[PDB]
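One file, entry-v2.pdb, is given below (PDB, C-alpha atoms).
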```pdb
MODEL        1
ATOM      1  CA  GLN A   2     -23.368  -3.325  -2.200  1.00  0.00           C
ATOM      2  CA  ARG A   3     -21.075  -0.919  -4.215  1.00  0.00           C
ATOM      3  CA  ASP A   4     -18.327  -1.411  -6.832  1.00  0.00           C
ATOM      4  CA  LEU A   5     -15.203   0.276  -5.378  1.00  0.00           C
ATOM      5  CA  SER A   6     -12.640  -1.707  -7.382  1.00  0.00           C
ATOM      6  CA  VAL A   7      -9.526   0.249  -8.231  1.00  0.00           C
ATOM      7  CA  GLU A   8      -7.768  -0.260 -11.578  1.00  0.00           C
ATOM      8  CA  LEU A   9      -4.030  -0.767 -11.239  1.00  0.00           C
ATOM      9  CA  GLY A  10      -3.023  -1.483 -14.760  1.00  0.00           C
ATOM     10  CA  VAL A  11       0.631  -2.514 -15.091  1.00  0.00           C
ATOM     11  CA  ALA A  12       1.166  -1.582 -11.398  1.00  0.00           C
ATOM     12  CA  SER A  13      -0.465  -4.985 -10.625  1.00  0.00           C
ATOM     13  CA  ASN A  14       2.907  -6.640 -11.326  1.00  0.00           C
ATOM     14  CA  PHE A  15       4.736  -4.678  -8.652  1.00  0.00           C
ATOM     15  CA  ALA A  16       5.147  -5.347  -4.978  1.00  0.00           C
ATOM     16  CA  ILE A  17       6.719  -1.929  -4.441  1.00  0.00           C
ATOM     17  CA  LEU A  18       6.647   1.053  -6.769  1.00  0.00           C
ATOM     18  CA  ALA A  19       8.038   4.445  -5.735  1.00  0.00           C
ATOM     19  CA  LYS A  20       8.787   7.730  -7.484  1.00  0.00           C
ATOM     20  CA  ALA A  21      11.719   8.791  -5.401  1.00  0.00           C
ATOM     21  CA  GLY A  22      13.414   5.576  -4.193  1.00  0.00           C
ATOM     22  CA  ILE A  23      13.227   2.429  -2.135  1.00  0.00           C
ATOM     23  CA  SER A  24      15.503   1.325   0.684  1.00  0.00           C
ATOM     24  CA  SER A  25      15.834  -1.617   3.017  1.00  0.00           C
ATOM     25  CA  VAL A  26      17.611  -2.365   6.296  1.00  0.00           C
ATOM     26  CA  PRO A  27      18.377  -5.951   5.328  1.00  0.00           C
ATOM     27  CA  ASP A  28      17.213  -8.588   5.178  1.00  0.00           C
ATOM     28  CA  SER A  29      13.740  -7.763   3.911  1.00  0.00           C
ATOM     29  CA  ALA A  30      11.836 -10.246   1.773  1.00  0.00           C
ATOM     30  CA  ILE A  31       9.934  -8.806  -1.209  1.00  0.00           C
ATOM     31  CA  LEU A  32       7.848 -11.188  -3.288  1.00  0.00           C
ATOM     32  CA  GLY A  33       7.152  -9.402  -6.582  1.00  0.00           C
ATOM     33  CA  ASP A  34       8.723  -6.879  -8.866  1.00  0.00           C
ATOM     34  CA  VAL A  35      10.103  -3.572  -7.638  1.00  0.00           C
ATOM     35  CA  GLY A  36      10.884  -0.326  -9.266  1.00  0.00           C
ATOM     36  CA  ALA A  37      11.051   3.406  -9.161  1.00  0.00           C
ATOM     37  CA  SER A  38      10.347   6.054 -11.669  1.00  0.00           C
ATOM     38  CA  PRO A  39      11.216   8.770 -12.664  1.00  0.00           C
ATOM     39  CA  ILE A  40      14.207   8.672 -10.304  1.00  0.00           C
ATOM     40  CA  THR A  41      17.391   7.015 -11.443  1.00  0.00           C
ATOM     41  CA  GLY A  42      17.813   3.295 -10.468  1.00  0.00           C
ATOM     42  CA  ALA A  43      20.617   4.405  -8.187  1.00  0.00           C
ATOM     43  CA  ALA A  44      17.834   5.232  -5.702  1.00  0.00           C
ATOM     44  CA  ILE A  45      16.905   1.582  -5.319  1.00  0.00           C
ATOM     45  CA  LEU A  46      18.854   0.634  -2.175  1.00  0.00           C
ATOM     46  CA  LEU A  47      17.921  -3.062  -2.070  1.00  0.00           C
ATOM     47  CA  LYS A  48      20.044  -6.129  -2.402  1.00  0.00           C
ATOM     48  CA  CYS A  49      19.316  -8.402  -5.350  1.00  0.00           C
ATOM     49  CA  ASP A  50      18.758 -11.211  -2.846  1.00  0.00           C
ATOM     50  CA  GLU A  51      15.945  -9.384  -1.022  1.00  0.00           C
ATOM     51  CA  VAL A  52      13.702  -9.372  -4.162  1.00  0.00           C
ATOM     52  CA  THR A  53      12.062 -12.588  -5.447  1.00  0.00           C
ATOM     53  CA  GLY A  54      11.192 -10.950  -8.729  1.00  0.00           C
ATOM     54  CA  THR A  55      12.849  -8.282 -10.866  1.00  0.00           C
ATOM     55  CA  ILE A  56      14.344  -4.989  -9.784  1.00  0.00           C
ATOM     56  CA  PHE A  57      13.492  -2.560 -12.665  1.00  0.00           C
ATOM     57  CA  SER A  58      15.200   0.742 -13.389  1.00  0.00           C
ATOM     58  CA  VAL A  59      14.293   3.573 -15.803  1.00  0.00           C
ATOM     59  CA  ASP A  60      18.022   3.909 -16.688  1.00  0.00           C
ATOM     60  CA  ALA A  61      21.355   2.134 -16.634  1.00  0.00           C
ATOM     61  CA  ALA A  62      21.908   2.701 -12.893  1.00  0.00           C
ATOM     62  CA  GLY A  63      21.086   0.172 -10.188  1.00  0.00           C
ATOM     63  CA  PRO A  64      22.495  -3.108  -9.039  1.00  0.00           C
ATOM     64  CA  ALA A  65      23.908  -5.798 -11.371  1.00  0.00           C
ATOM     65  CA  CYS A  66      20.631  -7.742 -11.397  1.00  0.00           C
ATOM     66  CA  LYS A  67      18.556  -4.737 -12.418  1.00  0.00           C
ATOM     67  CA  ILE A  68      16.620  -4.712 -15.664  1.00  0.00           C
ATOM     68  CA  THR A  69      16.236  -1.395 -17.472  1.00  0.00           C
ATOM     69  CA  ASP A  70      12.665  -0.993 -18.628  1.00  0.00           C
ATOM     70  CA  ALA A  71      11.715   2.694 -18.749  1.00  0.00           C
ATOM     71  CA  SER A  72       8.491   2.135 -20.583  1.00  0.00           C
ATOM     72  CA  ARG A  73       7.146  -0.584 -18.243  1.00  0.00           C
ATOM     73  CA  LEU A  74       8.086   1.534 -15.191  1.00  0.00           C
ATOM     74  CA  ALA A  75       6.681   4.751 -16.497  1.00  0.00           C
ATOM     75  CA  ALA A  76       3.398   2.961 -17.303  1.00  0.00           C
ATOM     76  CA  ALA A  77       3.277   1.382 -13.873  1.00  0.00           C
ATOM     77  CA  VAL A  78       3.849   4.700 -12.125  1.00  0.00           C
ATOM     78  CA  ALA A  79       1.271   6.449 -14.268  1.00  0.00           C
ATOM     79  CA  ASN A  80      -1.246   3.682 -13.630  1.00  0.00           C
ATOM     80  CA  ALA A  81      -0.509   3.837  -9.930  1.00  0.00           C
ATOM     81  CA  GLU A  82      -1.236   7.598  -9.893  1.00  0.00           C
ATOM     82  CA  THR A  83      -4.445   7.077 -11.770  1.00  0.00           C
ATOM     83  CA  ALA A  84      -5.370   4.391  -9.233  1.00  0.00           C
ATOM     84  CA  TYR A  85      -4.679   6.790  -6.393  1.00  0.00           C
ATOM     85  CA  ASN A  86      -6.857   9.403  -8.003  1.00  0.00           C
ATOM     86  CA  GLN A  87      -9.605   6.891  -8.643  1.00  0.00           C
ATOM     87  CA  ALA A  88      -9.619   5.812  -5.062  1.00  0.00           C
ATOM     88  CA  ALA A  89      -9.596   9.405  -3.878  1.00  0.00           C
ATOM     89  CA  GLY A  90     -12.420  10.275  -6.317  1.00  0.00           C
ATOM     90  CA  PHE A  91     -15.140   7.886  -5.241  1.00  0.00           C
ATOM     91  CA  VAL A  92     -18.061   9.868  -4.032  1.00  0.00           C
ATOM     92  CA  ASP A  93     -20.708   9.528  -1.319  1.00  0.00           C
ATOM     93  CA  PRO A  94     -18.872   7.772   1.542  1.00  0.00           C
ATOM     94  CA  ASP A  95     -20.563   5.154   3.606  1.00  0.00           C
ATOM     95  CA  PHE A  96     -18.522   6.243   6.632  1.00  0.00           C
ATOM     96  CA  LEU A  97     -17.082   9.677   7.431  1.00  0.00           C
ATOM     97  CA  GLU A  98     -14.722  10.285  10.435  1.00  0.00           C
ATOM     98  CA  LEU A  99     -15.330   6.780  11.893  1.00  0.00           C
ATOM     99  CA  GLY A 100     -13.675   6.573  15.329  1.00  0.00           C
ATOM    100  CA  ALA A 101     -12.452  10.144  14.790  1.00  0.00           C
ATOM    101  CA  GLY A 102      -9.567   8.581  12.969  1.00  0.00           C
ATOM    102  CA  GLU A 103      -8.791   5.861  15.475  1.00  0.00           C
ATOM    103  CA  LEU A 104      -9.861   2.305  14.583  1.00  0.00           C
ATOM    104  CA  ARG A 105      -9.930   0.473  17.837  1.00  0.00           C
ATOM    105  CA  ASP A 106     -11.404  -3.030  18.011  1.00  0.00           C
ATOM    106  CA  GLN A 107     -13.274  -2.495  14.783  1.00  0.00           C
ATOM    107  CA  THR A 108     -14.794  -4.856  12.268  1.00  0.00           C
ATOM    108  CA  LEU A 109     -15.560  -3.166   8.945  1.00  0.00           C
ATOM    109  CA  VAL A 110     -18.225  -4.128   6.439  1.00  0.00           C
ATOM    110  CA  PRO A 111     -17.554  -3.361   2.778  1.00  0.00           C
ATOM    111  CA  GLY A 112     -17.862   0.232   1.694  1.00  0.00           C
ATOM    112  CA  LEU A 113     -16.256   3.633   1.199  1.00  0.00           C
ATOM    113  CA  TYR A 114     -14.587   5.068   4.349  1.00  0.00           C
ATOM    114  CA  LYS A 115     -13.432   8.688   4.415  1.00  0.00           C
ATOM    115  CA  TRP A 116     -11.493  10.704   7.031  1.00  0.00           C
ATOM    116  CA  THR A 117     -10.439  14.351   6.899  1.00  0.00           C
ATOM    117  CA  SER A 118      -7.752  13.525   9.474  1.00  0.00           C
ATOM    118  CA  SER A 119      -5.070  10.992   9.892  1.00  0.00           C
ATOM    119  CA  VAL A 120      -5.974   7.415  10.795  1.00  0.00           C
ATOM    120  CA  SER A 121      -4.430   5.287  13.520  1.00  0.00           C
ATOM    121  CA  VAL A 122      -4.892   1.561  14.011  1.00  0.00           C
ATOM    122  CA  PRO A 123      -4.052   0.662  17.626  1.00  0.00           C
ATOM    123  CA  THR A 124      -5.499  -2.866  17.655  1.00  0.00           C
ATOM    124  CA  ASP A 125      -6.161  -5.605  15.143  1.00  0.00           C
ATOM    125  CA  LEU A 126      -8.606  -4.481  12.485  1.00  0.00           C
ATOM    126  CA  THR A 127     -11.010  -6.955  10.859  1.00  0.00           C
ATOM    127  CA  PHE A 128     -12.523  -6.719   7.377  1.00  0.00           C
ATOM    128  CA  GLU A 129     -15.759  -8.778   7.071  1.00  0.00           C
ATOM    129  CA  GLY A 130     -17.245  -9.363   3.592  1.00  0.00           C
ATOM    130  CA  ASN A 131     -17.229 -11.805   0.677  1.00  0.00           C
ATOM    131  CA  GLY A 132     -14.735 -12.422  -2.089  1.00  0.00           C
ATOM    132  CA  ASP A 133     -16.263  -9.886  -4.388  1.00  0.00           C
ATOM    133  CA  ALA A 134     -16.653  -7.153  -1.804  1.00  0.00           C
ATOM    134  CA  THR A 135     -14.592  -4.000  -1.929  1.00  0.00           C
ATOM    135  CA  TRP A 136     -13.277  -1.511   0.615  1.00  0.00           C
ATOM    136  CA  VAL A 137     -11.704   1.881  -0.037  1.00  0.00           C
ATOM    137  CA  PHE A 138     -10.179   4.157   2.620  1.00  0.00           C
ATOM    138  CA  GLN A 139      -9.848   7.863   1.771  1.00  0.00           C
ATOM    139  CA  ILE A 140      -7.441   9.373   4.279  1.00  0.00           C
ATOM    140  CA  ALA A 141      -6.582  13.158   4.064  1.00  0.00           C
ATOM    141  CA  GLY A 142      -3.727  12.684   6.547  1.00  0.00           C
ATOM    142  CA  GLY A 143      -1.311   9.959   7.477  1.00  0.00           C
ATOM    143  CA  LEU A 144      -1.885   6.327   8.363  1.00  0.00           C
ATOM    144  CA  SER A 145      -0.260   4.549  11.315  1.00  0.00           C
ATOM    145  CA  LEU A 146      -0.500   0.907  12.411  1.00  0.00           C
ATOM    146  CA  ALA A 147       0.716   0.469  15.984  1.00  0.00           C
ATOM    147  CA  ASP A 148       3.381  -2.116  16.692  1.00  0.00           C
ATOM    148  CA  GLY A 149       2.102  -5.655  16.419  1.00  0.00           C
ATOM    149  CA  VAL A 150      -1.379  -5.020  15.058  1.00  0.00           C
ATOM    150  CA  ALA A 151      -2.752  -7.110  12.210  1.00  0.00           C
ATOM    151  CA  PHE A 152      -5.346  -6.566   9.532  1.00  0.00           C
ATOM    152  CA  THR A 153      -7.540  -9.758   9.689  1.00  0.00           C
ATOM    153  CA  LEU A 154      -9.674 -10.823   6.652  1.00  0.00           C
ATOM    154  CA  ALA A 155     -12.958 -12.577   7.375  1.00  0.00           C
ATOM    155  CA  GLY A 156     -15.871 -13.641   5.170  1.00  0.00           C
ATOM    156  CA  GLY A 157     -13.765 -14.302   2.155  1.00  0.00           C
ATOM    157  CA  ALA A 158     -12.503 -10.697   1.971  1.00  0.00           C
ATOM    158  CA  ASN A 159      -9.515 -10.432  -0.331  1.00  0.00           C
ATOM    159  CA  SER A 160      -6.478  -8.124  -0.180  1.00  0.00           C
ATOM    160  CA  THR A 161      -6.865  -7.373  -3.925  1.00  0.00           C
ATOM    161  CA  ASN A 162     -10.220  -5.690  -3.035  1.00  0.00           C
ATOM    162  CA  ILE A 163      -8.954  -3.413  -0.261  1.00  0.00           C
ATOM    163  CA  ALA A 164      -7.379  -0.064  -1.243  1.00  0.00           C
ATOM    164  CA  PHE A 165      -6.030   2.668   1.004  1.00  0.00           C
ATOM    165  CA  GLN A 166      -5.597   6.129  -0.473  1.00  0.00           C
ATOM    166  CA  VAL A 167      -3.395   8.027   2.001  1.00  0.00           C
ATOM    167  CA  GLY A 168      -2.620  11.752   1.520  1.00  0.00           C
ATOM    168  CA  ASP A 169       0.369  11.914   3.909  1.00  0.00           C
ATOM    169  CA  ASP A 170       3.099   9.653   5.357  1.00  0.00           C
ATOM    170  CA  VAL A 171       2.360   6.005   6.265  1.00  0.00           C
ATOM    171  CA  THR A 172       3.963   4.163   9.186  1.00  0.00           C
ATOM    172  CA  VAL A 173       3.531   0.420   9.685  1.00  0.00           C
ATOM    173  CA  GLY A 174       4.761  -0.352  13.211  1.00  0.00           C
ATOM    174  CA  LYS A 175       7.169  -3.024  14.299  1.00  0.00           C
ATOM    175  CA  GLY A 176       5.803  -6.436  13.601  1.00  0.00           C
ATOM    176  CA  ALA A 177       2.455  -5.090  12.319  1.00  0.00           C
ATOM    177  CA  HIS A 178       0.696  -6.813   9.417  1.00  0.00           C
ATOM    178  CA  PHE A 179      -1.037  -4.887   6.635  1.00  0.00           C
ATOM    179  CA  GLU A 180      -3.497  -6.252   4.065  1.00  0.00           C
ATOM    180  CA  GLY A 181      -4.359  -4.411   0.849  1.00  0.00           C
ATOM    181  CA  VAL A 182      -3.175  -2.083  -1.861  1.00  0.00           C
ATOM    182  CA  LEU A 183      -1.473   0.948  -0.314  1.00  0.00           C
ATOM    183  CA  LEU A 184      -1.799   4.055  -2.561  1.00  0.00           C
ATOM    184  CA  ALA A 185       0.472   6.459  -0.669  1.00  0.00           C
ATOM    185  CA  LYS A 186       0.946  10.076  -1.694  1.00  0.00           C
ATOM    186  CA  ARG A 187       4.089  10.422   0.386  1.00  0.00           C
ATOM    187  CA  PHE A 188       6.564   8.440   2.473  1.00  0.00           C
ATOM    188  CA  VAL A 189       5.947   4.825   3.482  1.00  0.00           C
ATOM    189  CA  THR A 190       7.865   3.108   6.295  1.00  0.00           C
ATOM    190  CA  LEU A 191       7.533  -0.592   7.104  1.00  0.00           C
ATOM    191  CA  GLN A 192       9.237  -0.917  10.487  1.00  0.00           C
ATOM    192  CA  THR A 193      11.245  -3.873  11.850  1.00  0.00           C
ATOM    193  CA  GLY A 194       9.617  -7.160  11.197  1.00  0.00           C
ATOM    194  CA  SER A 195       6.378  -5.809   9.740  1.00  0.00           C
ATOM    195  CA  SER A 196       4.642  -7.559   6.868  1.00  0.00           C
ATOM    196  CA  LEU A 197       2.221  -6.618   4.140  1.00  0.00           C
ATOM    197  CA  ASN A 198       0.084  -8.798   1.881  1.00  0.00           C
ATOM    198  CA  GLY A 199      -0.696  -6.536  -1.103  1.00  0.00           C
ATOM    199  CA  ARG A 200       1.344  -3.800  -2.701  1.00  0.00           C
ATOM    200  CA  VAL A 201       2.973  -0.496  -1.782  1.00  0.00           C
ATOM    201  CA  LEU A 202       2.589   2.157  -4.472  1.00  0.00           C
ATOM    202  CA  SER A 203       4.127   5.475  -3.264  1.00  0.00           C
ATOM    203  CA  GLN A 204       4.479   8.825  -4.951  1.00  0.00           C
ATOM    204  CA  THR A 205       7.668   9.517  -2.946  1.00  0.00           C
ATOM    205  CA  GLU A 206       9.900   7.005  -1.110  1.00  0.00           C
ATOM    206  CA  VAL A 207       9.505   3.621   0.571  1.00  0.00           C
ATOM    207  CA  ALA A 208      11.662   2.444   3.504  1.00  0.00           C
ATOM    208  CA  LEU A 209      11.649  -1.168   4.654  1.00  0.00           C
ATOM    209  CA  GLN A 210      13.271  -2.353   7.930  1.00  0.00           C
ATOM    210  CA  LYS A 211      13.677  -6.123   7.829  1.00  0.00           C
ATOM    211  CA  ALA A 212      10.172  -6.267   6.451  1.00  0.00           C
ATOM    212  CA  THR A 213       8.145  -8.636   4.259  1.00  0.00           C
ATOM    213  CA  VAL A 214       5.960  -7.646   1.320  1.00  0.00           C
ATOM    214  CA  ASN A 215       3.989 -10.441  -0.423  1.00  0.00           C
ATOM    215  CA  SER A 216       2.266  -9.261  -3.589  1.00  0.00           C
ATOM    216  CA  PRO A 217      -0.644 -11.253  -5.184  1.00  0.00           C
TER     217      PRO A 217
ENDMDL
END
```

Could you render the structure as structure tokens?
Amino acid sequence: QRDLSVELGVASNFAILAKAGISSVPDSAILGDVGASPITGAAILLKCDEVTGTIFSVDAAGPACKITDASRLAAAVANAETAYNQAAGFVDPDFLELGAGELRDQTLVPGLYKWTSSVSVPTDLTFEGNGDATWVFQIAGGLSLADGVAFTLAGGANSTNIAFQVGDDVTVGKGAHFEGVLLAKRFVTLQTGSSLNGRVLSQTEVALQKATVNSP
């Protein structure tokens, strides 16, 4: 019933945005632009061939394919932080402490979900709602997807309408599949063979291990 859309601004061109760096155990496959700011481009530890899109840097450091664009990066990072704060700021949750932070065999209707703990996803998780519906997760801890688990979209639910605001480190397990916009306050790890349809916008560092990120 409720409008929980999160404005990304210029961060909507980025598959991965970080403040403190990005690394990959190769080969990962990143479909979209990547960048970090305010850290030097030397902290982008990705091969040019892993990114189908542009690797941006705020400075003259980075690999030979990098494009220096301090203004575009700084805007994306600022927009990403505003997005995080927007997501965190929605009031009056529809769900509070669902599953006491464990989402086992769950199917979630659209709405605002809040936890004061970390959240773990030990099984596939289904989102059921139409193409206009929105979901926001407010997590005042970490987020973990167990190895192999998949976020499943039903009803017409779209990954551009799912946002996770996570106050501590995020771990996507080996071969797990994430859907949505990940607004991470801290570290994000995508373990061996994991995939994500959406974007990863971190206020610290992102680590990929032979992972796939497909941005809209």

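If you measure from each of A:209, A:173, A:30, A:9 to residue 80 of chain A using only C-alpha atoms, the closest one turns out to be A:9.
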
### Query
Which value, in Å to one decimal, gives the distance between atom CA of residue 75 of chain A and atom CA of residue 137 of chain A?
24.8 Å

### Query
Quick one: of A:142, A:176, A:123, A:194, who's nearest to residue 210 of chain A, counting only C-alpha atoms?
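Counting only C-alpha atoms, the residue closest to residue 210 of chain A is A:194.
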
### Message
So, with all atoms listed in the file as the atoms that count, which of A:108, A:83, A:25, A:124 lies closest to residue 211 of chain A?
### Response
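Comparing A:108, A:83, A:25, A:124 against residue 211 of chain A, the winner is A:25.
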
### Query
Mind telling me what the PyMOL selection byres ((chain A and resi 172) around 7) catches here, as a ChimeraX atom specification?
/A:144-146,170-171,173-174,189-191

### Task
Write out as a PyMOL selection string which residues come within 6 Å of segment 14-24 of chain A when counting all atoms listed in the file, dropping same-chain ones fewer than 4 positions away.
chain A and resi 33-40+44-47+200-208+216

### Query
Looking at A:183, A:167, A:76, A:52, which one is nearest to residue 120 of chain A, with distances taken over all atoms listed in the file?
A:167

### Message
I'd like the neighbourhood of residue 165 of chain A as a list in words, where a residue qualifies if any of its atoms comes within 9 Å (using all atoms listed in the file), though same-chain residues fewer than 4 positions away should be ignored.
### Response
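The neighbour list is residues 85, 88, 136, 137, 138, 139, 140, 181, 182, 183, 184 and 185 of chain A.
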
Just to be explicit: take each residue in the selection above, keep C-alpha atoms, and write the result as a JSON list (two decimals), in the frame of the given file.
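So result-v1.json came out as:
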```json
[["chain", "number", "residue", "atom", "x", "y", "z"],
["A", 85, "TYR", "CA", -4.68, 6.79, -6.39],
["A", 88, "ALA", "CA", -9.62, 5.81, -5.06],
["A", 136, "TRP", "CA", -13.28, -1.51, 0.62],
["A", 137, "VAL", "CA", -11.70, 1.88, -0.04],
["A", 138, "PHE", "CA", -10.18, 4.16, 2.62],
["A", 139, "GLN", "CA", -9.85, 7.86, 1.77],
["A", 140, "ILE", "CA", -7.44, 9.37, 4.28],
["A", 181, "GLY", "CA", -4.36, -4.41, 0.85],
["A", 182, "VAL", "CA", -3.18, -2.08, -1.86],
["A", 183, "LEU", "CA", -1.47, 0.95, -0.31],
["A", 184, "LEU", "CA", -1.80, 4.06, -2.56],
["A", 185, "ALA", "CA", 0.47, 6.46, -0.67]]
```

### Message
Would you compute the distance between atom CA of residue 49 of chain A and atom CA of residue 28 of chain A? Give it in Å to one decimal.
### Response
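Calculated distance between atom CA of residue 49 of chain A and atom CA of residue 28 of chain A is 10.7 Å.
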
### Task
Go ahead and compute the interatomic distance for atom CA of residue 27 of chain A and atom CA of residue 159 of chain A, in Å to one decimal.
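We find that atom CA of residue 27 of chain A and atom CA of residue 159 of chain A lie 28.8 Å from each other.
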
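Using all atoms listed in the file for every distance, the candidate list A:99, A:119, A:156, A:151 yields A:156 as the residue closest to residue 132 of chain A.
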
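Nearest residue to residue 97 of chain A, choosing from A:29, A:133, A:141, A:4 and counting only C-alpha atoms: A:141.
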
#### Entry: Ground truth for the PyMOL selection byres ((chain A and resi 131) around 12), written as a list in words
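When the PyMOL selection byres ((chain A and resi 131) around 12) is applied to the shown file, the picked residues are residues 2, 110, 111, 128, 129, 130, 132, 133, 134, 135, 136, 154, 155, 156, 157, 158, 159, 160, 162 and 163 of chain A.
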
Let me have the centre and edge lengths in Å, one decimal, of the box along x, y and z around every listed atom of segment 187-203 of chain A with 5 Å of margin on each side, as JSON.
```
{"center_x": 5.3, "center_y": 0.8, "center_z": 3.7, "size_x": 21.9, "size_y": 29.2, "size_z": 26.3}
```

### Query
Can you list what the PyMOL selection byres ((chain A and resi 64) around 10) grabs from this structure, as a ChimeraX atom specification?
/A:42-43,45-49,56-58,61-63,65-68
